[PDB]
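Report on the following structure.
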Amino acid sequence: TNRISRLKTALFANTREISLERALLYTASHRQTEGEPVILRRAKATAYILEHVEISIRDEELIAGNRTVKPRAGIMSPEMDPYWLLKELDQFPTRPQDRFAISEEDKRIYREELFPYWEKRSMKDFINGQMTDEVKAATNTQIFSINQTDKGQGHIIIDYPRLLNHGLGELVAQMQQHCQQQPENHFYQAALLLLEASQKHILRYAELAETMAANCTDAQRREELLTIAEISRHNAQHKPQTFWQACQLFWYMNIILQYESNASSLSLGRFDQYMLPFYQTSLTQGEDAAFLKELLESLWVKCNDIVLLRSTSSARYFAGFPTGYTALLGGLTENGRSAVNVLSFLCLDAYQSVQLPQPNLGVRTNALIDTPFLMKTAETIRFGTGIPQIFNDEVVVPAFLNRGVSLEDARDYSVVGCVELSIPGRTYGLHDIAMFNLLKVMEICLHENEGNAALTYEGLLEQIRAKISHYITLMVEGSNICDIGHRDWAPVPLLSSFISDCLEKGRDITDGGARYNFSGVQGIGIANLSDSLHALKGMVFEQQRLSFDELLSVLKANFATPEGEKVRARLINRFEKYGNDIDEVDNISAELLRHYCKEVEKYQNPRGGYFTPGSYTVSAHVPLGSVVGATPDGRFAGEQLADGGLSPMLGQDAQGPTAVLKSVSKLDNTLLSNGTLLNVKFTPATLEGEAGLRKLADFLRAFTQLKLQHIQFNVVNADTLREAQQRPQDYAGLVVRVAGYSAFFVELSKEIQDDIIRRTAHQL
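The authors' numbering applies: residue 2 is where the sequence shown begins, and numbers increase by one.
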């Protein structure tokens, strides 16, 4: 509809700005709460923000509530890390990734007020002081990186049924009982005051809407504002009844949760499941189905107001705003039957009207998925934004059962962020706490064996396994340090009050209140690792075309010599690559990634749970590849690693898209319980017509039966992407799939753009 087009346009009409507002309000509260327990200072800061932040209802909005009045603000968190903000203060409009405007006045405020206050007392300060010599040395080798040391943790889904099936009034009454039973418990005290502050913040909007209504001279908009006002008064206390009431309470708490956390991937869970009762009530009470769809389209637009601020180095790993308002559709019911419902379809139809990076919708596939929903899924994929992605119940549920998750909890899974498997309202997974550079481990092993006359292939392999094991230990150490930094500096009591089993245990998620406690660490580069070892085994040890030392010399020269460029061609073309259903190379990727997985699961986090392995990248395959020299798969020095996590390396998949599925199916995907990621690209031509949709639907059934965890699709011609590079001013709205998230192509750095362009465009 035209309103929806105008709401979308308004998000991008003005240049994104850095916002100091949360930091100034958070700091003002902090000045008044000196000497109080950290969790109460955190809560009172959120309450202070809720009472003082500037709010508006933007033109034609049907769902009230935005973090900032100006759209898509970069909300800075100097309480988490004030140092990078200071360094980049005069570089925000020009930095290579994620630009923002910032006024001269706000820069002065940052230099004069916020930086001096937070210097030496920030979370980054604590984490810096805890980082041990061995871990800092290990991050200097580029073998792994530790995430969220400088920002809110996020990466969690709250219990939406708890919120929507009770309403804030009953939740306050239950928290009052907890505080009465345990009057010394600061978590309960904090959660109560935040529930109460949430009510007042909702009533701030109720009062504003009622005022705006009287000052509105359009009769249709007046009625809309009066309804927003009435719904907001209802939201302050009552459990929702109608779809609009549920969506509005839902969105108010999501904004409020961003005030508490200011973090990525506060994901949405199984929206089509927990919203179904309210959609059904609205229909049976006679509301207009077209308005309900327009309301949902408007809610999708609301999700795109939120972009997270990160440093220039961080933006190399997480480029183009992977906000992670991820909602999954379909799946299984409690007894293992199909959960597809009318909202599963409507969510996809509303997305087809919006076609923005958010919500990051996913479809849960399984052996029961019906052809109409499969074809609606295929139809939506063909629009080319990358959404929806696909998750496979057939392997995700056993992966969770292996981690001690109950059958009913596992069947109720959803996804945090890009691809991180999680149990909604029941999990604190630290789902992207570290990324492990498998190819760098291999590269260091290679050069450690220069001049080793006794080297054999199997001995090299044992050295690689041993160095993987050694550095996993240090990853764990660094990850636990950041875990503790979030516990000591940044509890999230309101969020935690919506996470089982925090209220029962009486503890925030950062101190282990969640039912399930993981730490999720990503092994990246498996395609390059297996390709490299297979070509090296054949080139050097089997055929003896070069000695090992002669190969090392060619790598150090970056293949530049005349014989070097010819050795490179032989490595690339005369040895099989992962992603072509070739067992001899695929079995290397399976073996080495299983070794990674079995080592990771040995280690405990400080919350009474264990580390879990994943294999996904966001955009980190580019900076991780940028620190690995030339390798025996034919990579030049600095070249990206394979995209996504489980994808073949660029252009190496020569046997079609089903051969890719079969290679990935050989990995032990049940162990990779933190989630995995596979990118596949199709030409728009191969998907044309109903026959094109049926081909895609059949491909998705093949994917399901092969028990891969995840797949997602670009559908775009390389010519379009090159044209957007030449004339970005004509392609500001072009959306592409990066890795578990979608982004505006012209806002991605050249190296990510070329990643997407160079991925194989498959036919079906």
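Just so it is clear, CB atoms sit at the ideal spot from N, CA and C, and this is done for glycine as well.
- When DSSP states are grouped into helix, strand and coil, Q390 belongs to the strand group.
- Between the alpha carbons of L90 and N15 lies a distance of about 20 angstroms.
- Judged by their CB atoms, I203 and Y253 are nearer to each other than the 7 angstroms cut-off.
- In terms of CA proximity to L594, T613 leads the group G430, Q605, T613.
- Bounds of the alpha helix (DSSP H) holding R695 are 690–706.
- For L749, the three-state secondary structure derived from DSSP is coil.
- Judged by their CB atoms, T243 and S743 are not nearer to each other than the 7 angstroms cut-off.
- Runs of the alpha helix (DSSP H) spanning 4 or more residues and lying entirely within the region 468–503 occur at 494–498, in chain order.
- Under the DSSP assignment, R723 falls in the alpha helix (DSSP H) whose first and last residues are 719–727.
- With respect to the C-alpha of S616, the residue from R508, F384, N670, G66 having the closest C-alpha is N670.
- In this chain, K682 is not harboured by any alpha helix (DSSP H); it is covered by the beta strand (DSSP E) spanning 680–683.
- Nearest to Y189 by C-alpha distance, out of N393, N481, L572, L172, is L172.
- Membership of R23 in any beta strand (DSSP E) is not indicated; the residue belongs instead to the alpha helix (DSSP H) covering 22–33.
- If you draw a straight line from the Cα of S498 to the Cα of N216, it is about 38 angstroms long.
- Put simply, of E225, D644, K240 the residue whose alpha carbon is nearest the alpha carbon of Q200 is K240.
- The beta carbons of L765 and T687 sit closer together than 7 angstroms.
- About 6 angstroms separates the CB atoms of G270 and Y161; that is less than 8 angstroms, so the two are in contact.
- When DSSP reads this structure, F612 sits in a beta bridge with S520.
- In summary, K303 is buried, with 16 or more beta-carbon neighbours lying within 10 Å of its beta-carbon over all protein chains present.
- Rounded to whole angstroms, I434 and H487 show a C-alpha spacing of 11 angstroms.
- If you look at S415, you'll find it in the beta strand (DSSP E) that goes 415–417.
- Distance check between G460 and each of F549, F101, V681 places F549 closest, using alpha-carbon atoms only.
- Beta-bridge partners assigned by DSSP to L333: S339.
- According to the DSSP assignment, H711 belongs to the beta strand (DSSP E) that extends over 711–716.
- Shown here for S299: same chain residues with a beta carbon closer than 8 angstroms to its own, the five before and five after excluded, namely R4, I5, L8, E62, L63, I64 in chain order.
- By the criterion of a C-beta distance shorter than 6 angstroms, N186 is surrounded in its chain by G507, once the five residues flanking it on both sides are discounted.
- Here the region 393–412 lies against the region 332–340, with 3 or more beta-carbon pairs under 8 angstroms apart.
- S423 sits in a strand when the DSSP states are folded into three classes.
- Here the C-alpha atom of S415 lies approximately 39 angstroms from the C-alpha atom of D107.
- Only buried fits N263, as 16 or more other CB atoms lie within 10 angstroms of its CB.
- Contact fails between the region 643–650 and the region 553–563, because fewer than three Cβ pairs, one in each stretch, are under 8 angstroms apart.
- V737 has its alpha-carbon roughly 7 angstroms from the corresponding atom of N715.
- Taken in chain order, the complete alpha helix (DSSP H) segments of 4 residues or longer contained in the region 287–375 are 290–304, 313–318, 343–355.
- Secondary structure of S674 (DSSP, three-state): coil.
- Rounded to the nearest angstrom, the gap between the Cα atoms of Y49 and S78 is 16 angstroms.
- Contact check for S268 against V417 passes: the beta carbons are separated by less than 7 angstroms.
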